[PDB]
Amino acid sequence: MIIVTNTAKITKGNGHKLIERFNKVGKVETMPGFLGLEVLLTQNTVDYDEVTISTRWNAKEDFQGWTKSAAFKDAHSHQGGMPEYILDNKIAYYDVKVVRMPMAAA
């Protein structure tokens, strides 16, 4: 299981613009081995906003299948480019090593 994150440093007060763009049903959710997408807003950021798009996958090849897909090319078409309010963008890949679920579900 892997998580792929795209973390955007955004000019203060503009985070909500990037969140609104992901706040809708899309195509990545239909891909094989997709397990979930979440959008996070970092707390306590002083001079900027930080918005994280996180996607979780059975395996890296499932993510790679999506980035080759047509729907990825359709969802990376009319973006209006990278918005001006985006100061910095980091991408990271994580291996999930331990998962500990609640007792209320056990």
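Sequential numbering from 1, following the sequence displayed.
Comparing 66 to 74 with 25 to 33, which stretch shows the greater average C-alpha B-factor in the deposited entry? So the stretch with the higher mean C-alpha B-factor is 66 to 74.
Comparing 93 to 101 with 9 to 17, which has the greater mean CA B-factor as deposited? Comparing 93 to 101 with 9 to 17, the higher average CA B-factor belongs to 9 to 17.
Go through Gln79, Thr52, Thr55, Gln43 one by one and give the residue whose Cα B-factor in the PDB entry is largest. Largest recorded C-alpha B-factor: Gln79.
Report the third (lowest, middle or highest) to which the CA temperature factor of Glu61 belongs, ranking only the modelled residues of the same chain. Tercile = middle for this residue's CA B-factor.
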